[PDB]
Ligand SMILES: Nc1ncnc2c1ncn2[C@@H]1O[C@H](COP(=O)(O)OP(=O)(O)O)[C@@H](O)[C@H]1O
Ligand SMILES: Nc1snnc1-c1ccc(C(F)(F)F)cc1
Ligand SMILES: [Cl-]
Ligand SMILES: [Cl-]
Ligand SMILES: [Mg+2]
Ligand SMILES: [Mg+2]
């Protein structure tokens, strides 16, 4: 169906390990979108063809206001193209670097939107497993949208692919290569809440080996300015035993969230 000739390419929107994303406009409809370009050669080399198919299949059937749309795909002799919804206000990552840290109302609103989107995902037993600021985009009204479903699977699961970059957002069971389920996303939710309020993730360290150690032992402390309500929520989410982590309904109905968020469930 679609081919490259159907689109006019614009400015670079961002880069990932494999993804090279551009602003684009479809010629006949003038529809503005984001084009995610991947190189077949590096995809074959890393042997992650299965990750790309899972990304296309899972994301294209999901329909939720806080989840980025995937309209379609096409491919030539060298590249693969994903046709995505364009997010005009950029990443949460960039926004965090601008402001250094978010206030309690901004943080609570983001968490509510995340919890809403994850609740929808888990209802189909879809787990994301790669929730971090670079993969959270912002709509035209500043609303949060989850993207990059390249690591997503159906629960329960093991891990068959090599862990690439940072360990900062992964729970002990995933890092120790053990079996895991939906509760991995809730650990990540706890890591984000901390980083949103503090300015850096709770287990950050100088080396891979040390970050590994702090995560498996759950070693984190709060700065003085973090209030009692925030500490309660974060402490509940960062449990070593996954079955002790709260349900998403509990997060959405937490007194600190309900008092500070500006959006409903
Ligand atoms: N729909 C989009 N709108 C705006 N920017 C995007 C969009 N998709 C991706 N980007 C930018 O490109 C970067 C990489 O996209 P992503 O799909 O996460 O690539 P990868 O899967 O290689 O990590 C993101 O961090 C973001 O900054
Ligand atoms: N042809 C090659 S080579 N390496 N990956 C591919 C590939 C990966 C994903 C798809 C997709 F259909 F899911 F979109 C198609 C092709
Ligand atoms: Cl290109
Ligand atoms: Cl306190
Ligand atoms: Mg990404
Ligand atoms: Mg990816």
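We place every Cβ from the backbone using ideal geometry, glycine too, and count neighbours over all the protein chains shown. The values are calculated or read from the model by the stated rules, or taken from the named source; these are not laboratory values.
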**Item:** Residue that is farthest from ligand 4 (Cβ to nearest atom), among those in the range 82-99 that are closer than 20 Å to residue 149 by Cβ and more than 17 Å from the chain's Cα centre (by Cα)
**Value:** 83
**Request:** Output the number of residues of the range 1-18 satisfying the condition of being within 16 Å of ligand 5 (Cβ to nearest atom) and crowded, with 16+ Cβ neighbours inside 10 Å.
**Result:** 3
**Message:** Could you list, ordered by first residue, the pairs with Cβ atoms under 7 Å in which the first is in the range 106-117 and assigned by CATH to the domain that holds residue 255 and the second is crowded, with 22+ Cβ neighbours inside 10 Å and outside any helix (DSSP H, G or I), at least 6 apart or interchain?
**Reply:** 108/261; 109/261; 110/144; 112/261; 113/144; 114/144; 117/146
**Prompt:** Does the range 83-97 include one or more residues that are within 16 Å of ligand 5 (Cβ to nearest atom) and assigned to a strand (DSSP E or B)?
**Reply:** yes
**Asked** Residues in the range 101-121: is at least one out of contact with any helix residue (DSSP H, G or I) (no Cβ under 9 Å at 6 or more places or on another chain), surrounded by fewer than 22 Cβ atoms within 10 Å (Cβ to Cβ) and within 20 Å of residue 36 (Cα to Cα)?
**Response** no
**Complete:** Selection over the range 27-42 where residues are surrounded by 13 or more Cβ atoms within 10 Å (Cβ to Cβ) and within 15 Å of ligand 3 (Cβ to nearest atom) yields a count of 8
**Message:** Criterion first (surrounded by 14 or more Cβ atoms within 10 Å (Cβ to Cβ), within 14 Å of ligand 3 (Cβ to nearest atom), over 26 Å from residue 110 (Cβ atoms) and touching a residue at least 12 places away in the same chain (Cβ under 8 Å)) does residue 24 satisfy it?
**Reply:** yes
**Message:** For the list (1) within 16 Å of ligand 5 (Cβ to nearest atom); (2) in contact with a helix residue (DSSP H, G or I) (Cβ under 6 Å, 6 or more places away or on another chain), I need the number of the one condition that residue 138 fails.
**Reply:** (2)
**the range 140-154, residues that are crowded, with 19+ Cβ neighbours inside 10 Å and either in the same structural domain as residue 85 (by CATH) or in a strand (DSSP E or B) (or both)** = 144, 145, 146, 153
